[PDB]
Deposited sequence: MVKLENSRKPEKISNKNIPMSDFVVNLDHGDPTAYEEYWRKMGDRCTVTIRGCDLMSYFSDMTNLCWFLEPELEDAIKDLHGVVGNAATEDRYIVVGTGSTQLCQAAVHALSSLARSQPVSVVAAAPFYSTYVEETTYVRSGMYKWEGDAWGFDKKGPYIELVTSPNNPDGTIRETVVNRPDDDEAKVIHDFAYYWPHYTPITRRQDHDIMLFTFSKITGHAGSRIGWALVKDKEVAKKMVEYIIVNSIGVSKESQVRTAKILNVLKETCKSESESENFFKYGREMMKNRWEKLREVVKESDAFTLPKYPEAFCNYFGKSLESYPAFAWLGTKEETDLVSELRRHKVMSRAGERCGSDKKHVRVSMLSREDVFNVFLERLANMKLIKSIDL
């Protein structure tokens, strides 16, 4: 079997890039759970989010503290089974408190394809996905989704359209990906564990929510949806997240996660960048340089996804399938046939194989 017939799967952003890193960290990352632990449905009935584990709460807030990307004071924390359940909890919670329904849900194009799935699959009478925000005019209550750094195109975003409301999805707003220009302080701020460290099968995200009443409804949603979130997932995320925090007080460019992650993304993007340059069809986006409060230097953005473009009237997702490279169709993301989103967080060898095949075609 040649590495011409091997399918390189860069459609999903399964973040496996980070595995060797975590392997190396050895015995301190380990989580030990005994037969009788984590048995109860409840964590703490004193918290608005009663199914959130204290060690995890502390870890989340400590971590936004050391990095300085989001405000965690005077606001409620809600955990979900990935940020996926969290964005839907928020949409359901904000829809519940709107004067009237359906509430229009929009996001600037190109947007995170999954959003169209999340807002469409249960055929709920509470909210209606209304496509691109730029092209959104419609009256009545709406919710805007703002992914920054964006998915697919990695751009830094702000809103674009008075009681209607907004959700900020800052899943990729970490120092290894983009500079920390500012400590965010918005009404609803969504984060995901999978994207910081690569632990995607842990299924953990969190929401920082200012409005007390929105936090309450997100919670109710989750309780009816899954009665909360895996305790052991939460205890594990805590340990890894704590280790990541101890890692920040290190000079080692192989211990310090954010200086490990960032170098890797730089190395990966500089490589992809050669390939694209010495090629006649392709186009990557241009990323402004910006000062980083965390790193204390002025540096470039290296997004988890490459928005791969074509200048010629090709149907770019299909061409890549033909060379055994799965990508995410641009049409899926409110773009056009000339664009693909390719994951930049795969393993070394897969990424290389991907570059190799990107060179070896017309």
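The deposited chain is incompletely modelled, with C-alpha atoms absent over 1 to 17, 179 to 183, 385 to 391.
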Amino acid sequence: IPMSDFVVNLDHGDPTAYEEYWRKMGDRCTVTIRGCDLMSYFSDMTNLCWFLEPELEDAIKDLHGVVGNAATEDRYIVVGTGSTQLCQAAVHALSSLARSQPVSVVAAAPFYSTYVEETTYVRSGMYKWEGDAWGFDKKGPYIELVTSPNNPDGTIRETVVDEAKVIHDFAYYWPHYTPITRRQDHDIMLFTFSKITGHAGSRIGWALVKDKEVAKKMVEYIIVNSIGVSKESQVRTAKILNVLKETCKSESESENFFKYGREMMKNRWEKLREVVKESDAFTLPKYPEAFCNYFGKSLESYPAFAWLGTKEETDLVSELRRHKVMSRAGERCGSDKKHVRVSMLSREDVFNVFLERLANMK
From here on, numbers count along this sequence of modelled residues.
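The PDB entry reports B-factors from which the mean C-alpha value can be compared for 121 to 129 and 67 to 75; the larger average falls on 121 to 129. Mean C-alpha B-factor is higher over 276 to 284 than over the other stretch, the pair under comparison being 164 to 172 and 276 to 284. Of the candidates 336, 53, 62, 37, the one whose C-alpha carries the top B factor in the deposited record is 336.
Sorting 193, 177, 142, 291 by the CA temperature factor given in the entry leaves 142 at the top. Ranked against the other modelled residues of its chain, the C-alpha B-factor of residue 25 as given in the entry falls in the highest third. Compared with the other modelled residues of the chain, the Cα B-factor recorded for residue 155 ranks in the middle third. Remark: residue 231 belongs to the lowest third of its chain, ranked by C-alpha B-factor as recorded.
The PDB entry assigns residue 107 a C-alpha temperature factor belonging to the middle third of its chain's modelled residues. In the PDB entry, a CA B factor belonging to the lowest third of its chain's modelled residues is recorded for residue 187.
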